[PDB]
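Following: one structure in structure tokens, then a few remarks.
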Amino acid sequence: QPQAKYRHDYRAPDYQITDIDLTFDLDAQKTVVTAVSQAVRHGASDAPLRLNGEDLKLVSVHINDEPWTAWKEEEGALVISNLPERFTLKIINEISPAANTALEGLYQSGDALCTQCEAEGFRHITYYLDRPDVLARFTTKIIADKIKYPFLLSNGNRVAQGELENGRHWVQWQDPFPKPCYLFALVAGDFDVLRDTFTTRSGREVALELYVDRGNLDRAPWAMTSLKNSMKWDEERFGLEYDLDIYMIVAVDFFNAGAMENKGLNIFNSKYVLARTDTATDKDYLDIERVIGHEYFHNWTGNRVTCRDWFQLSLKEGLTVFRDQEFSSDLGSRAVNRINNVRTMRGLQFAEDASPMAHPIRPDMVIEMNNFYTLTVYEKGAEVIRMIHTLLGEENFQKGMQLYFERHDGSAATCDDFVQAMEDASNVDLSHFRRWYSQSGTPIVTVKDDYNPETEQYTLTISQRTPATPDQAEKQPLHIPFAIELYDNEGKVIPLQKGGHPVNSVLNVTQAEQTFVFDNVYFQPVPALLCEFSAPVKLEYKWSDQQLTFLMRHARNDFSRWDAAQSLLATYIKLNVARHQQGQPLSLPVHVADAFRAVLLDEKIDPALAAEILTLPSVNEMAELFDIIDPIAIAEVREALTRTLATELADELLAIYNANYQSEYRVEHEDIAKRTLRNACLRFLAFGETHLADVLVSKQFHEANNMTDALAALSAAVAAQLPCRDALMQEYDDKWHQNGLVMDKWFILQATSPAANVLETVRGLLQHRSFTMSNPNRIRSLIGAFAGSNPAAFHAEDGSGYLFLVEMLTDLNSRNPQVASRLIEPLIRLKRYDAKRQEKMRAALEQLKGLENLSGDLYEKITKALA
Ligand SMILES: N[C@@H](CC(=O)O)C(=O)O
Ligand code: NA
Ligand code: NA
Ligand code: NA
Ligand code: NA
Ligand code: NA
Ligand code: NA
Ligand code: NA
Ligand SMILES: [Zn+2]
């Protein structure tokens, strides 16, 4: 079983490879790879060259065309001794794409051949320095059957091509930018292609090419549009242009993650490309936008400046996630973006940071690097970049970006390099701030206030601490940017000031305990605290219900209104989960329902914001409110809350639902906001009087002129168990079974059903004609959704959920360890549950621990969990 690697052990490579010339004789069963690398020794004279390789059949090794005798293969490697200081290495080896079920390296996706090399997949293709601080100029020649693989793509530009006998042909590509090998890509296959052009602001014309399976061309234009929007935004906001002549994107159906930023040749999960208005939701559209942007933004933050080592992953991922969010936010509703990203942080990433798998955004120890493409590295990473932006402001932040690229373009850099550039450009000290890179867990910030009428001073007393995590026992105070705003009783902002002088509204919370005093506060204020979620922390402040509804009515930033609503609900969620556990039904003060009534009827509230306030926290967000999670109580309480609101607000709900009717479907931000509000009302209405509800939901499903409205109705039928549910579900199956992406939404609904027999229906679905264990999207939509988004069923008291997940992981461990490791995440959270649940979950993990051929991916998580 493999060994952890440690950040502190980094050392510069003994050898570099500057140029590599690859040839593939491609065939599904047996591909022959010939790799000619120019190498240069940088370390000691007697150091052997250690090349990484996995599942390779070595055919030959030459050094300057001399067959080499001074080498040996060992586990995962080829070690070559006694070398000159500079030489040409030539390796020939074979691999087998068709046997590759793990989907890393060169593998088969339906009838196409494609690659996934990040993190360490290139070593599955040939023996190489598969580490991202080795940067080479690639030239890639691909030879293949002309009829099966008429398109032969790799990074860069086409520089040669020819025909051969026996119906073969080849294309050779060259990419002038030196790159680590995780950015290599190869695709071969037969595709429809949508071609278009973007002209950069300095007048460079870029050819854009989107390759999709035959018959999918009608689902390509949105993705192409989003790519152009991405290129334009990166110019306007960051000053960055694309740096090559062609930009290819290939949509493939078998892909473990969302997409991959391979230079000039991104490969995407089809989920994040294909859309038409009858197949895809507004959410899909905005996800496609996000992910096309993200991969495009990587061209600079990732490709032109790469990562010295994998412990620096957040250097590219946090930053690129921050960029995708700023892009979505600039183009769409900034408040909705921020809100959703906060919901992800509080509801999903916080849970990871309290799990056995916790780590800092820049990890210190890793066994299987594929386990570290996480909510923490990505989402918390972005929150960290956003704290830098909070602290410097946009103008200085952009100077730091410029200094970062000027210093590091064409190299592999570290997180620390990025911070240093931000500090040097801005003259803001971020010494203490760096601790966000090295410390795990979610800080808890405790605030106490005092208003003094004699002195006309408001004083905040702010504390922080981060509990210990399983990985780190010592924790220290962070540099928390803690934004506030103070409101008088009409809703006007009170200027923050002290001893004659303006005070910055971003307070520097750097110690365990400190006090901040504001002068010239002539009237007792209501504060907004942690505005725009200015740091990724838990806030402990004893809000009154009235302060919160005041904020819902007057806070200047949309986000603060949302967040005040979430704090209002939180008290009553906790109340009612304790009640539920004692058999007591839901209790909600009248004035709380009235605060939501007011939001429904305030015509001055942006519908984008109203919709989010009227979207109740998910069962994951509700779970973060508790020390011990009771998932059955949480789910029953969320249902009961929804039915209570539905009853108390029925007439207003119906009215706003009807008022937001739109006969034209458009993918435009104002329209999306109205629809989102409409459908937020629908969710409550689905839990009204049974007959009204059944009629309204069924009508929406049947008369929808787009998938957003049809899915929302179908989902409501499922959630509220309405009489029409089985018929609507069967209709959607009959209509859409041949379409995987669309059936995924139905699999999710099945898996997250509140029906008593959900598990049984889920097992049955393992034989459904649209399901297959060969496809990660199907896996995640049916199995992963059950385990991860239906905690109430997953955690059924008879333990049937755990046994089901064990059976599924027993298969996936061998087939596709990365998807297995995604799916195991719910079981590793056992210590958040009660003793009886812990016990069955430990047993399930001990069973897994005992699997023959346990993957490293699962071994890592399972041993942290059982600790
Ligand atoms: N989203 C993919 C790759 C990326 O960051 O673009 C992953 O989890 O690796
Ligand atoms: Na190099
Ligand atoms: Na990536
Ligand atoms: Na990259
Ligand atoms: Na905007
Ligand atoms: Na991966
Ligand atoms: Na507002
Ligand atoms: Na949670
Ligand atoms: Zn990324």
Side-chain angles (χ1 to χ4, degrees), residues 18-22 114-115 117-118 122 132 135-142 151-161 171-188 191 193-211 220 223-251 259-268 273 291-307 316 319-320 323-324 327 401 405-406 408-412:
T18 59
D19 300 84
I20 178 172
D21 180 301
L22 282 163
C114 59
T115 52
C117 297
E118 180 178 22
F122 192 69
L135 324 168
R137 287 174 290 255
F138 286 60
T139 301
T140 307
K141 177 167 168 173
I142 314 171
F151 295 95
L152 301 175
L153 311 176
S154 186
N155 311 81
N157 295 298
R158 283 189 186 71
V159 295
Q161 40 197 132
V171 177
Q172 190 182 43
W173 293 85
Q174 192 163 44
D175 172 358
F177 291 91
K179 68 167 155 284
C181 62
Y182 76 82
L183 292 169
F184 178 71
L186 175 148
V187 174
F191 302 99
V193 195
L194 175 60
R195 312 187 181 256
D196 200 342
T197 294
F198 181 81
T199 292
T200 74
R201 65 183 177 182
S202 60
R204 163 198 221 116
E205 189 176 85
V206 182
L208 317 178
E209 305 179 345
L210 175 56
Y211 295 78
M224 181 63 71
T225 306
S226 297
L227 172 64
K228 298 187 295 198
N229 291 337
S230 301
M231 297 180 75
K232 187 68 205 208
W233 178 86
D234 216 5
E235 286 183 346
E236 274 165 23
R237 185 71 188 273
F238 276 84
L240 298 173
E241 303 188 13
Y242 189 59
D243 53 356
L244 286 169
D245 319 84
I246 174 156
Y247 200 106
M248 296 178 277
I249 292 180
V250 183
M260 178 63 207
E261 70 264 26
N262 316 289
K263 179 76 170 193
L265 173 56
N266 300 168
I267 294 171
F268 273 60
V273 174
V291 175
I292 295 277
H294 179 98
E295 299 316 324
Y296 176 73
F297 305 139
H298 267 310
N299 191 53
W300 280 94
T301 49
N303 300 4
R304 287 286 294 263
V305 177
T306 193
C307 289
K316 68 175 179 79
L319 185 56
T320 300
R323 290 154 45 64
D324 81 58
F327 165 68
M401 289 301 300
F405 293 123
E406 174 177 278
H408 303 291
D409 178 31
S411 71

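We're numbering straight along the sequence, starting at 1. Below, each value reflects all heavy atoms present in this structure, side chains not excepted, and no hydrogens, waters or symmetry copies.
Remark: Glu236 engages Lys232 in a side chain to side chain contact (heavy atoms under 4.5 Å, CB included) (not counting sequence neighbours). Residues forming a ring-ring contact (aromatic ring centres under 6.0 Å, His included) with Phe327 (at least two apart in sequence, or on another chain): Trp233, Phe297. By the salt bridge (charged side-chain N to carboxylate O under 4.0 Å, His left out) test, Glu295 is found to be paired with no residue, residues two or more places apart in sequence or in another chain being considered. By the salt bridge (charged side-chain N to carboxylate O under 4.0 Å, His left out) test, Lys228 pairs with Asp196, sequence neighbours left out. Remark: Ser202 engages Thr200, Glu241 in a side-chain hydrogen bond (donor to acceptor under 3.5 Å, both in side chains) (not counting sequence neighbours). The side chain to side chain contact (heavy atoms under 4.5 Å, CB included) check on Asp243 picks up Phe177, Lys263, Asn299, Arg304, with sequence neighbours excluded. In this structure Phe268 satisfies the ring-ring contact (aromatic ring centres under 6.0 Å, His included) test with no other residue, sequence neighbours excluded. By the side chain to side chain contact (heavy atoms under 4.5 Å, CB included) test, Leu135 is found to be paired with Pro178, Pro180, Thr306, residues two or more places apart in sequence or in another chain being considered. The ring-ring contact (aromatic ring centres under 6.0 Å, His included) check on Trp300 picks up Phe405, with sequence neighbours excluded. Annotation: ring-ring contact (aromatic ring centres under 6.0 Å, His included) contacts of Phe198 (sequence neighbours excluded): none.
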Sequence neighbours left out, cut at 3.5 Å: what donor-acceptor pairs do the side chains of residues 203-210 make with other protein atoms?
| unit_1 | atom_1 | unit_2 | atom_2 | d |
| --- | --- | --- | --- | --- |
| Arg204 | NE | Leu244 | O | 3.3 |
| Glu209 | OE1 | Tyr211 | OH | 2.6 |
| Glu209 | OE2 | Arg195 | NH1 | 3.0 |

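A donor-acceptor pair is defined here as one N or O able to donate and one able to accept, closer than 3.5 Å; no such pair exists between the side chain of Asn266 and the backbone of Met248. Within the 3.5 Å criterion, the main-chain N or O of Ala136 finds no donor-acceptor partner in the side chain of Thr18. Counting only distance, with no hydrogens or angles, the side chain of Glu261 and the backbone of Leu183 share no donor-acceptor pair below 3.5 Å. With hydrogens and angles ignored, the 3.5 Å screen pairs a side-chain donor or acceptor of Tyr296 with a backbone N or O of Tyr242. Checked by atom type and distance alone, the side chain of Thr115 pairs as donor or acceptor with a backbone atom of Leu186 at under 3.5 Å.
In terms of heavy atoms, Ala412 sits closest to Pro132 at CB-O, 3.7 Å. Contact between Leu265 and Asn155 at its shortest, heavy atoms only, is CD2-N, 4.0 Å. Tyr182 and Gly302 get closest at one heavy-atom pair: OH-O, 3.1 Å. Pairing each heavy atom of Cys114 with each of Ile267, the nearest pair is CB-CD1, 4.3 Å.
From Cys181, atom SG reaches atom CD of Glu118 across 10.5 Å, with rounding to the nearest 0.5 Å. Between the CD atom in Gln172 and the CG atom in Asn157 there is a gap of 12.0 Å [rounded to 0.5 Å]. Atom CZ of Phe122 is separated from atom CZ of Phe184 by 5.5 Å, given to the nearest 0.5 angstrom. To the nearest 0.5 angstrom, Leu194 atom CG is 10.5 Å from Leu227 atom CG. Rounded to the nearest 0.5 angstrom, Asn262 CG and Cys117 SG are separated by 7.0 Å. To the nearest 0.5 Å, the span separating CG on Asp234 from CG on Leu240 amounts to 4.5 Å.
Applying the salt bridge (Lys or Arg N to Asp or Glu O under 4.0 Å) test to pairs two or more places apart or on separate chains, those with a residue in residues 178-188 are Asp175-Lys179.
Taking the side chain as every heavy atom from C-beta outward, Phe151 and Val193 approach each other to under 4.5 Å.
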Original post:
Where do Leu153 and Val250 land on the side-chain contact (heavy atoms from CB on, under 4.5 Å) test, with the steps shown first?
Top reply: CA-CA 10 Å; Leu153 311 176; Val250 183; 3.9 Å; yes
**OP:** Take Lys316 and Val305 through the side-chain contact (heavy atoms from CB on, under 4.5 Å) test and state the conclusion after the steps.
**Re:** CA-CA 8 Å; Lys316 68 175 179 79; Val305 177; over 6 Å; no
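Remark: the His298 side chain and the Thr320 side chain contain an N/O donor-acceptor pair separated by less than 3.5 Å.
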